[PDB]
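K.L.:
Let me start by giving you these chains from the complex, positioned as in the assembled structure:
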Amino acid sequence: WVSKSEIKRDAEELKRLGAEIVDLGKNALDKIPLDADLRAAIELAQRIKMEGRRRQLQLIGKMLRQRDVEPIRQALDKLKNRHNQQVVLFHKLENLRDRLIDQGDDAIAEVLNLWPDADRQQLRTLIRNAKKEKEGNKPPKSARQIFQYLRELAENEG
């Protein structure tokens, strides 16, 4: 006995994977081990639009029903992991910059702890300049400089 609800959920997952691989770019498709027929179908789906695109995606899912998906899932998982790592690094940099702009010495302490080589005097000067810019509605030049400095520190650490 196989539950039709489980079958429908599996079909939805397969269609989601098909849509994700279709959205993936040329480099991602090349990296992912896709057979010739599946690759041609994906390219045709990308070329077409409207309800035709969704029905081609449904065809892709139907093919995936029989074709193995574990290598495709692994490739998608690793690509998404890399992308999420990059996005998390960017979010951490933005949050650190925001904390530096808001609090001050409290965020400077965390910056120094994360990167001992960071210059306390330079960070304090940049934070003061950012506060002055906020007060005088000046462009966030200090904020951009702080972001660049944090990016350089992260690159040096890595």
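P.N.:
Good, I have the coordinates. Numbers count the residues shown, from 1 in each chain, chains lettered A, B, ... in the order given.
K.L.:
Only C-alpha atoms from now on, for both contacts and neighbour counts.
P.N.:
Noted.
K.L.:
count of neighbours near residue A:147?
P.N.:
Each residue near residue A:147 was counted by other CA atoms under 10 Å, and the total is 18.
K.L.:
for residue A:18, same thing?
P.N.:
23.
K.L.:
One more: residue A:142?
P.N.:
Residue A:142 has 21 neighbouring residues, counting by other CA under 10 Å.
K.L.:
And for it, nearest residue in space, chain neighbours not counted?
P.N.:
Spatial nearest neighbour of residue A:142, excluding adjacent residues (CA to CA, 6 or more residues apart in numbering): residue A:130 at 4.8 Å.
K.L.:
Show me what counts as buried in the helix or strand hosting the one you found.
P.N.:
Element membership for residue A:130 (DSSP states H and E) is helix A:120-135. Buried residues in helix A:120-135, counting neighbours by 16 or more other CA atoms under 10 Å, are found at A:123, A:126-131, A:133.
K.L.:
sequence below should go in as chain B:
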Amino acid sequence: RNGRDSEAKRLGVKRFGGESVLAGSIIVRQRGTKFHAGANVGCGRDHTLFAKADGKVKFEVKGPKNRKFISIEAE
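P.N.:
Next up, chain B placed on what we already have:
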């Protein structure tokens, strides 16, 4: 769990005896072969009985197993 009912296949006798029918008409719609074909009567792939000529329908018992056969008389 139960309750799934299929729509009826419209089974039964469509043309009865003593009535004039045209060629190609369907006499009986049956799954099996309750009634067999006789003179001027044909049986399709799906056990569909049809008349090969215009006439009146008739029923007759024949065969070692006493099976009912349908025939057409040119009346």
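K.L.:
Go back to the neighbour count of residue A:18, now with chain B?
P.N.:
23 (other CA atoms under 10 Å in any protein chain shown).
K.L.:
Am I right that it falls within a helix?
P.N.:
Yes: counting by DSSP: H, G, I helix; E, B strand; the rest coil, residue A:18 is found in a helix.
K.L.:
in chain B, which residue is closest to the centre?
P.N.:
The centre of chain B sits closest to residue B:28, judged by CA atoms, centre = their mean, with a distance of 3.2 Å.
K.L.:
That residue touches residue B:49, doesn't it?
P.N.:
Yes: with contact defined as CA atoms under 8 Å, residue B:28 reaches residue B:49; the gap is 5.7 Å.
K.L.:
related to what we said a few turns ago, name the SS class of the residue nearest to the centre of chain B, please.
P.N.:
Relying on three-state DSSP, one would call residue B:28 strand.
K.L.:
following sequence is RNA strand C, place it on the structure:
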RNA sequence: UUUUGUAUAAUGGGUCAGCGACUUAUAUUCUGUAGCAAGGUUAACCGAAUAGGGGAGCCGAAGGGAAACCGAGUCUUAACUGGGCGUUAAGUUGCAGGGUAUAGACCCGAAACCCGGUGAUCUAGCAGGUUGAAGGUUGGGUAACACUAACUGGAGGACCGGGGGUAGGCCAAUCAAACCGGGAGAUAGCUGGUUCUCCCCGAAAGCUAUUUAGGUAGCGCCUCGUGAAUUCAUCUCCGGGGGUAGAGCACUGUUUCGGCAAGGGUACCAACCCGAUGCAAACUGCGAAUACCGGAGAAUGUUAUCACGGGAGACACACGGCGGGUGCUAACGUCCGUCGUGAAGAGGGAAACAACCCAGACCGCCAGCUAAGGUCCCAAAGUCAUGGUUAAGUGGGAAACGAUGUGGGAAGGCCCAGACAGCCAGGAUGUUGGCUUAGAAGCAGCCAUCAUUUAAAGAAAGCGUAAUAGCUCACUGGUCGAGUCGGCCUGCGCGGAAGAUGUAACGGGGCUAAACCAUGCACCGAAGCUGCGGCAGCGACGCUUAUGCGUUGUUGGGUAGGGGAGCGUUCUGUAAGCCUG
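P.N.:
Just below you will find RNA strand C, in place on the chains above:
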């Protein structure tokens, strides 16, 4: 008004006078009517102009195919005996009307969205503390700075108990967002209303689908118009086929009896099976009654039948009966196939009660007949008759049970060789028993359940004694004696049948027959029928041929809905006419 179903204690309205609810524009489809007629027709514009000019333009007279292309024929095919679509009917302009789509679109009743402002003299806001960098101060440092250890001011906008600014909190004391002018009279599968009259016809709450269940499109059904055949319906005859009731186990299952009894662990469980027993909506070697349609037939039914076009409504049905699914064979629970009722019909009777019984209203008459139901009165008729039943208010509630309440049916035994019961008498003695000896001796029990006198007495049935004892009864003599006992069918009754606003489970009076069983006579008893008169739709025959009918028969309950026919008022020409101080 919503609900199938309303005064119901489901909605609503105080009255009066006035105001008010499908109009109008743009295109399309159809009906009536007028001209022209293979033509009709104008628009803008000109126009001393509602005339005339203006044929620009629009529609059919020939279409097929997507098109090329072909043509009274064309389209897929090499093309069909082919099949799809054309000719053998004539289109147009106006008017009036029935619908469709867009504009407010029959009208009223929302929240809410966007645009520009009135915004703060009420209120939320400079209340207050805190988070808190900014300034200063003191303190280490430094020539002096930065930084840091503590104090102060408080940014910030907030944290805390008018599309914004600042506890449905506030910005007119119901503002996580008011009002004004506009989109916008926004939209609403929703509530409510939709105003004069007459006549004819007059259904449904059903099937298919729905991001779809109270709604909608098609079908089902209703109305109006056109055309068409014993067209259709009841019934008689003829042709069929079911697997339903019934019956049954040929086959598939199911419970048991006795077995053959594999297998299982031989006093013990048991498969495939045998004959019977019942049962099966998911079994039919058999198989109905009904019903289905097809061919013929006299009769009747205003063609009650079918196809097309315009217009609808409806698309929540409930009760009863019939055979059922589910619920506990319980419903006024729910779902199925069919008829009736109501929805769409009041009537008379059941006291009142939609679904219970009789019965389909054209109107009028101070006439009679009649259906169901009644005839003692309320309240109209029998205080009716014939042969019976009831002693209990049974009738006028209720069931298993028990029964000398009562009248019969089949009968059994005993019966003047005097039946049962009465009136006078016996029921003596071992049987103080071996047995549990405690005394049970028959009267609680293992126990024989015997044995002389016998018209007659048991080794024992009750009352009665610690057991004895004593009084009755099994049976027996004297007198009378004729009927006596138990069970069933039993119809009518008895207790089971006791509850709360005040009798109340016959309507009451009140009935011992004025209650029940079967029959008759007649009577009462409806808007049913007939007797007379009057109005209207309908097919015809005899005129009239547009309207009167000599007339015949027939119909006239009606929601929604459809069709037909009319009245009231304002204004315009009729109307510089008519009435009118």
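K.L.:
In light of the added RNA strand C, please revisit the neighbour count of residue A:18.
P.N.:
23.
K.L.:
The strand or helix carrying residue A:12: what's the following helix or strand?
P.N.:
Assessed by DSSP H and E, residue A:12 sits inside helix A:4-23. Using DSSP H and E, the helix or strand that follows helix A:4-23 in sequence is helix A:26-31.
K.L.:
Which residues of chain B lie near RNA strand C?
P.N.:
B:13, B:15-20, B:58-60, B:68 (CA under 7 Å from any atom of the strand).
K.L.:
Repeat the analysis, applying 6 Å as the threshold.
P.N.:
B:16-19, B:59 (CA under 6 Å from any atom of the strand).
K.L.:
The longest helix along chain A close to RNA strand C?
P.N.:
Scanning chain A for the helix with the most residues, using DSSP state H, yields helix A:70-102. No: Helix A:70-102 is not in contact with RNA strand C by CA under 6 Å from any atom of the strand; minimum separation 8.1 Å.
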